[PDB]
Amino acid sequence: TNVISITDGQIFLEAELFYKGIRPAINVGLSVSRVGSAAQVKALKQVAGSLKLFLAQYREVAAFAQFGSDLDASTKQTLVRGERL
Amino acid sequence: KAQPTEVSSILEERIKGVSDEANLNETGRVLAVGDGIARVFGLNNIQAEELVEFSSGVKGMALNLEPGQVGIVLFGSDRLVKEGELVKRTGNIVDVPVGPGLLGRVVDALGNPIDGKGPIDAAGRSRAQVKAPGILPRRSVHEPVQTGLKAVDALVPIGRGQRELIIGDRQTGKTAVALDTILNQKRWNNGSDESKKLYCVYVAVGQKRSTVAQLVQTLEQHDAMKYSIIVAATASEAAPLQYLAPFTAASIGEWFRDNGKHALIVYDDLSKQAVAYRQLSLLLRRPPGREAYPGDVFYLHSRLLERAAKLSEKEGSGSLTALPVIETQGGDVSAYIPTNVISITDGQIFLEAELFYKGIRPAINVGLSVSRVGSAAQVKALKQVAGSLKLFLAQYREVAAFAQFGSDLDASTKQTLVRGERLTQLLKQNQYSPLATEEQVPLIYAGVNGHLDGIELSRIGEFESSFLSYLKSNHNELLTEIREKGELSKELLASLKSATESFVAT
Amino acid sequence: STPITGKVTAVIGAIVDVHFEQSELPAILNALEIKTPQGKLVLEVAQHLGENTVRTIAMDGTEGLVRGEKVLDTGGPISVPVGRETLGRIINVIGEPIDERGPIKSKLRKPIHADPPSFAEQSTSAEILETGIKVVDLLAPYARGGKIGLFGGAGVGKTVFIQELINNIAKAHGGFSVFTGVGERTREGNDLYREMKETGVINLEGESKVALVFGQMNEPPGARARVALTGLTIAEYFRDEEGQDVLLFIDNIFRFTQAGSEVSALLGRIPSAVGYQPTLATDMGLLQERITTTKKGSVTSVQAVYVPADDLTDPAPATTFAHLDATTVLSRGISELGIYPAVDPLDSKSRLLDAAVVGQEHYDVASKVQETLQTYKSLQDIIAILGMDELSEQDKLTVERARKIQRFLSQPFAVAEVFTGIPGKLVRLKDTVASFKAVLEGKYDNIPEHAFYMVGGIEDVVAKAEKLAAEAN
Amino acid sequence: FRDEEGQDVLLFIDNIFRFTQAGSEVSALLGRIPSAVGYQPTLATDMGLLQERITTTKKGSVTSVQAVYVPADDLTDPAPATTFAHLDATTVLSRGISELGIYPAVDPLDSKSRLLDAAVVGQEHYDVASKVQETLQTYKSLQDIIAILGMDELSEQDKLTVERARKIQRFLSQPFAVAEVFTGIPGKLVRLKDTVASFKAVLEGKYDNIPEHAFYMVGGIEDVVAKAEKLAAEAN
Amino acid sequence: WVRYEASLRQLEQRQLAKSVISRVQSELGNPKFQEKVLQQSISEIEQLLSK
Amino acid sequence: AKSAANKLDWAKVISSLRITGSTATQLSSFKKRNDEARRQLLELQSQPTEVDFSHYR
Amino acid sequence: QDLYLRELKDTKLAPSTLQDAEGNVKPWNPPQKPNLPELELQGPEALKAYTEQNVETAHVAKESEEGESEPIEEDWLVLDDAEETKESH
Ligand SMILES: Nc1ncnc2c1ncn2[C@@H]1O[C@H](COP(=O)(O)OP(=O)(O)O)[C@@H](O)[C@H]1O
Ligand SMILES: Nc1ncnc2c1ncn2[C@@H]1O[C@H](COP(=O)(O)OP(=O)(O)O)[C@@H](O)[C@H]1O
Ligand SMILES: [Mg+2]
Ligand SMILES: [Mg+2]
């Protein structure tokens, strides 16, 4: 807690993500940057501006995989996008 | 302005007389003053917890008298005091001005006026530390304290001389219910019967000055400051002042108690007093006990609270009612200070944020809120009259035990659930709205008959106001009958049932 | 005159012991100077140890202090320049300017240690401070003359919350504002100073209606402790001598208590609960009582409490709750689900939530919002275990509505556009109370809960719902 | 009284825990290193020195009843936990059962005594008490499963056991004569044989049809029948 | 009007306190360090006469 | 003195289950109720309408 | 007592021109004769609503209106409206 209170952002790394198969782990939601966003490469910012939105959408959708059904087309598209992401 | 002139002349003449006859030789010299406390060598004849006067003017009090040096807790800042400063022992144990002139005034821990309304007129001086009355001088609590809120009066009644703890989380209505209890007394304090008058003493220990100003103005608006007493121990004020202010207010209330009058002292906070005393011990070199609290926080709380009692007729039949508070941390009732104070007070009043946001405006947790005198210390019209009003608490416990989580067994279970829901709906009461017993009784009775057919739960809020208005119109005879007689006759019960049926028909 | 020379006898971390001769003892909290090679070092007399020895707290680093070094007594406590001259200047604990814009030409230097104004208070806690944040404008209204807590742990978003507070208020406030930055990030202070400079809030060649205090957590404990006091000196001088409504701003009031515990660990004091200083309540009250409305002027405080280890029961956050008219508790759990700001709707609370001040309509809307959210939290356990199906129709509708309100609580901030990616919204109090009243009646039950995510008013909710239903679907 | 007078004595000590509390209180200032939970180091020693002098000798008998206050409702606190071993008959009053409306508040499980033996109270008494204890234990093991999932999912035998244990738990509550200030019902003196007969009848399932409310705040099984009849009469 | 008069009394007390600094400065420059010493010495003598 | 009047008024109301569908009779009832409530509120809150020149001056 | 008499007449003469004698005020330069008696006399009126509340403006009660002397139209309309609702009791 105190170290987060000092540093300018955190890069959380899930243990289960490491065990699940995601080798770099890194919880895309918990990890966040304060001052590197303005310092990000401009082309990288252009190509990754909506990446956060897609990953957040997957983070919400993965809580819907229990009732395997049609799940609406939008959620299926978000899943089939974020899994490749 | 001749008054400042003659008071200055009199004070300076007294100073001259003291200088002419002082012969202070064994007076102490400060060795090491810490953070609001000083260790002083000398004072070979100092009494324990005796007031002293430093050369800088800051008053002190002697907790630990070590061999050679004695620890003096300062009743103020340590700005002015320095090493080698003379200390003048007052020769008397710390005391507080007491009497009827304290009414309408706001005073600090030592009793000095802080409201800027002039000097304090005191009938006498009472020790801040006064032994509690013994087994015999007390009397069983029978005279109720009319709080004016439906839930607390019906489920956890407070009586004259009772000690009821308002235990709760942060900003859960503790000082709020304290305030409704405070304000409800204006009905009787504006009369002439001193046996029903109940003078009030608020202890603002650890509260901020803005909150105390809010308090005093709120009491001013609802014609309540005239009979209430504000003993403010600001957090910025020295920790010894916070430690001592509830004791001095207890002495002030004991003045009323010993003179045949009834006093209600609300020990609001008192957890701030607990931590202030923890600070006192932890800089007085006293080793602590549990969670760094000193050994005698239990003894402190018990000794302070036990001064509140209902004296016997031989002692003037006076009473001193205590309303202490505990600020729990995250609803932790099972903590050292909370369970300690609960073991002192004659019952507790639990408030949590859970019921506060769930809708219960008094936030009365009927489960852990219990009063040690149910039948006694309650209005006769409200205690049992029809029987159900007596096992009201047991019915609430049943409703909790078979709430919506429990399976709705049958029509009897549905009726019980509806009764419980309507009853907890009724108990909600708006702030600064003390509802008298002559008006409480019809509502509690309506919660047993005609409660089930209420049109939506949310509408009971306006249904209560309409029922009050109905009882006011050509039914004030019933209201004054239940107010004056106290008990309810069979014909009175029949009339109340008829009125309830007539209203529920409309 | 005659200098008062003291000799250093002990240097215990940030605490230095100084020995004087007979009848030259500085009082408690007096300022003591030593001519170090890097400049001057200021010592505040914390205790008298006897034998003409004083225990002092350092305002700067104690490295290079040799026992027996000459100590000069300033004759009084630390004096910080005050007045409109300090406006637009950056000052550390000592009082010297650290904005590299020359010395401050202040006519007066009031001491940082002052008594509270006692019973010169007013019960003027009836003016709602419209901040533009819909959740606090609805659940925990802020007082113009009161104190705002703004709690929160690591992350959560307390710094962006306070920064949004300056951005919405100090730009169009009738008076001056003071920022203390008590034990925070120096880069945060630089960024926020630059942000005020861009907005014209601090104009170097202009009015510059805001005074800045710093001495961030890179400084020793004594600094972090007394920077709140010097900022309070600035605020009090503006409040009393100037007769102006002052916007105080403390980025982390908890760091003062942390520094107090740090120095107490070296002050020879047996620790309090959770190893804090025993006087935590006393110093905390002395700190907070200098923040009062007073007969002349008024103060808005605005604090920001850091809860250690996300423990709301920690002694310092527990103590500061009393000295706060309104609080804004930011819970990390809400931050996980993404509703930002992460303020806990049913843990913020405000004394201003009364029908007399509010109006019995916004009060009822807030009460029903609390109703729905409390029911939602109570039913979370069985929602996780069993699910929504087990609940009856009323409970299911209540849970869905409460989810909608909790999503609606999220509001974009102009100082967080780089994070949200959506332009910030400033929702008026009437707008948000009308929107949440309309939501509570069920007029927007058909609208998906995602349409309430990162929106402003109910019109923005309708717009987002239409966009999601047509362009996205 | 016990030794010199040679008379039977009932030493009623109310909340004996205050002795250990005061010992730990003075220990801190007595230059004694505090023990666990901030108690005096000698707590067991002085407390046992007090407790042993309370005993039945060859010169007389002392039927002492001592109340014990558990801090924070924590039964593992050193003072009551060590006091347990000094006590023959134990009656534990937990807040949880009191919260359910059972005013006697005696938790039936840990309330244990050495006299609960077939050679002392009789084989039938031991059997009835043991059956009651297993019924309450089966209830308690099914707290969470009923609360979070539902009573419907339990088996028919499990449902019968749960409802019988609810009836028993209600039947534990008894009107105390000094408790009319709270109950409002006159106190009842349920005899030992009456209690055994009532509980063996209930355990046999003879009164499964009687509602749970009729067992609330009553005396013997005759009082249960009377309350059930009154409830049926008022319900119509 | 009542609390205005109360505030007027408070203000006149405050102005008397303000004039107290001039009162103190009056004796600060006054060569008072001789008569006061003699008076306090004779007061001490009278004090110890009883003792 | 007022008890008889509203007693007979609500007696007529108790008889009025059969003339249901009326528009302003109930409205006039709440009008009377509001007016008499304002009556008793103003009479209760009315402090002695004179300055106590003996003391309060 | 030299410690007494001199401080006594010092504390008497310093406010003597302030309060006893009409010598304005010597200890502080700003005048007090035209300030508290004169400028602050309207202080309660300045904080309050001047010439609006201190004068206690008395508005004569508006005459309570009634049916405005309508003995035909009102009665006939009421009877007709009651007749409309009487068929649907
Ligand atoms: N009828 C009521 N009872 C209790 N609290 C109320 C009521 N009406 C409003 N409140 C709100 O609840 C809060 C009560 O908290 P309070 O009693 O002040 O606790 P604390 O003094 O410990 O902060 C108040 O801030 C008030 O705004
Ligand atoms: N308006 C906002 N929009 C998006 N994120 C925010 C907003 N306000 C705060 N945050 C979040 O706050 C988190 C940390 O904020 P900050 O309060 O600076 O940390 P700390 O409280 O430890 O100082 C970041 O993860 C950031 O996403
Ligand atoms: Mg309170
Ligand atoms: Mg921060």
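Residues numbered from 1 in each chain as written, not as in the entry; some residues may be left out. Chains lettered and ligands numbered in written order. Part of a larger assembly, values for the part shown. Heavy atoms only, no water.

Judging from the entry metadata, cryo-EM is the method by which this structure was determined, and 3.5 Å is the reported resolution.

Looking at the PDB entry, one finds chain F named ATP synthase subunit d, mitochondrial, with Saccharomyces cerevisiae as its source organism.

By the naming in the PDB entry, chain D goes by ATP synthase subunit beta, mitochondrial and is assigned to Saccharomyces cerevisiae.

**Some points on helix α9 (residues 221-235) of chain D**
Three- or four-residue spacings in an α-helix give side chains the same orientation, since the helix completes a turn every 3.6 residues. All names here are of chain D. The condition is simple: Under the scheme used here, helices are H or I runs from DSSP no shorter than 4 residues and strands are E runs no shorter than 2 residues, and both carry numbers assigned from the N terminus. By this rule the span expected of a helix is its residue count minus one, scaled by 1.5 Å. Think of it in three bands: residues with accessible area under 20% of the maximum for their type are buried, residues over 50% are exposed, and the middle band is partly exposed, with areas taken using a 1.4 Å probe on protein chains only. The arc in question is formed by the directions pointing from the helix axis toward the C-beta atoms.
Taking 1.5 Å as the rise per residue, α9 with 15 residues should run 21 Å; its terminal C-alpha atoms sit 21 Å apart, in good agreement. Of the residues making up α9, those classed as buried are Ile-221, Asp-223, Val-224, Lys-227 and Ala-228. Looking down the long axis of α9, one finds its buried residues gathered within 150° of arc, a one-sided arrangement. In α9, the exposed positions that point more than 90 degrees away from the buried face belong to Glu-222, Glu-229, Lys-230 and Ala-233. After α9 finishes, the residue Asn-236 shows a positive phi value of roughly 60°.

**Focus on the interface of chain C and chain B**
The following threshold applies: Residue contacts follow a heavy-atom distance rule, with two residues in contact if any of their heavy atoms lie within 4.5 Å. A 1.4 Å probe defines the accessible area here, and the buried area is the portion of it lost by two parts on being joined, summed over both. Salt bridges are identified by distance alone: a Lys or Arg side-chain nitrogen within 4 Å of an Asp or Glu carboxyl oxygen. Counted as a polar contact is a pair of N or O atoms within 3.5 Å, where, for protein atoms, one must be capable of donating a hydrogen and the other of accepting one, and residues adjacent in sequence contribute only when both atoms are in side chains.
Contacts between chain C and chain B engage 55 residues on the former and 49 residues on the latter. Across the chain C/chain B interface, buried area totals approximately 4,600 Å², and carbon plus sulfur atoms make up 52% of it. Area buried by chain C at its contact with chain B is led by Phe-119, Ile-270 and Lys-349 of chain C, which between them contribute 16% of it. Counting across the chain C and chain B interface gives three salt bridges. Here chain C is connected to chain B by 21 residue pairs in polar contact.

**Describing the site of ligand 2**
The following threshold applies: Here a residue counts as near a molecule or strand whenever at least one of its heavy atoms sits within 4 Å of it. The Shrake-Rupley method, run with a 1.4 Å probe sphere, supplies the accessible areas, and residue values consider only the shown protein chains as cover. Put simply, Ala, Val, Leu, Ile, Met, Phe, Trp, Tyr, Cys and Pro go in the nonpolar bin, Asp, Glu, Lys and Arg in the charged bin, and everything else, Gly too, in the polar bin.
Around ligand 2 sit 19 residues, and of these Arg-34 of chain A together with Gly-155, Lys-158, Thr-159 and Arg-185 of chain C come closest. Looking at what sits near ligand 2, you find residues from chains A and C. Between ligand 2 and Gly-153 of chain C, the relevant distance is 3.4 Å, taken from an oxygen atom to a main-chain nitrogen or oxygen of the residue. Interatomic distance of 2.7 Å between a backbone N/O atom of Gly-155 of chain C and an oxygen atom of ligand 2. Starting from 570 Å² of accessible surface for ligand 2 in isolation, the protein chains cover 92%. Element by element, the count of residues in the shell around ligand 2 is highest for helix α2 (residues 158-169) of chain C, at three residues. When the residues that make up the shell around ligand 2 are grouped by side-chain class, the tally is nine nonpolar, six polar and four charged.

**Description of the site of ligand 1**
Lining the immediate surroundings of ligand 1 are 14 residues, of which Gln-171, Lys-174, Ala-176, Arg-361 and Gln-431 of chain B lie closest. Neighbouring residues of ligand 1 are distributed over chains B and C. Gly-173 of chain B is positioned such that a nitrogen or oxygen atom in its backbone is 3.5 Å from an oxygen atom of ligand 1. Here an oxygen atom of ligand 1 and a side-chain polar atom of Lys-174 of chain B are 2.7 Å apart. When isolated, ligand 1 has an accessible area of 560 Å², and the protein chains bury 80% of it. For the shell around ligand 1, the per-class residue count stands at three nonpolar, eight polar and three charged.

**Here's the deal with the coordination of the magnesium ion (ligand 4)**
Test applied: Here the coordinating atoms are restricted to nitrogen, oxygen and sulfur within 2.8 Å of the metal centre, or 3.2 Å for Na, K and Ca, and because water is not among them the sites may look incomplete.
Each protein donor to the magnesium ion (ligand 4) is listed here as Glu-184 of chain C (OE) and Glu-184 of chain C (OE); together their distances run 2.2 to 2.8 Å. Among the secondary structure elements, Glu-184 of chain C is positioned in the loop between β13 (177-179) and α3 (186-199).

**Topic: the pattern of salt bridges**
For the coordinates displayed, the defined rule picks out 67 salt bridges over all chains. With a shortest N-O distance of 2.9 Å, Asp-115 of chain B and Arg-105 of chain B are connected by a salt bridge. In this pair, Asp-115 of chain B sits in the loop between β8 (106-107) and β9 (124-127) while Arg-105 of chain B sits in the loop between β7 (95-98) and β8, placing the two residues ten residues apart along the sequence. Across this residue pair, the class does not change: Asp-115 of chain B and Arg-105 of chain B are buried. The salt bridge partner of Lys-40 of chain C is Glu-33 of chain C, with a shortest N-O separation of 3.6 Å. For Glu-33 of chain C, a relative accessible area of 16% corresponds to the buried category. In this structure, a network of salt bridges that share partners links the residues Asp-8 of chain A together with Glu-184, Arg-185, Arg-187 and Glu-188 of chain C.

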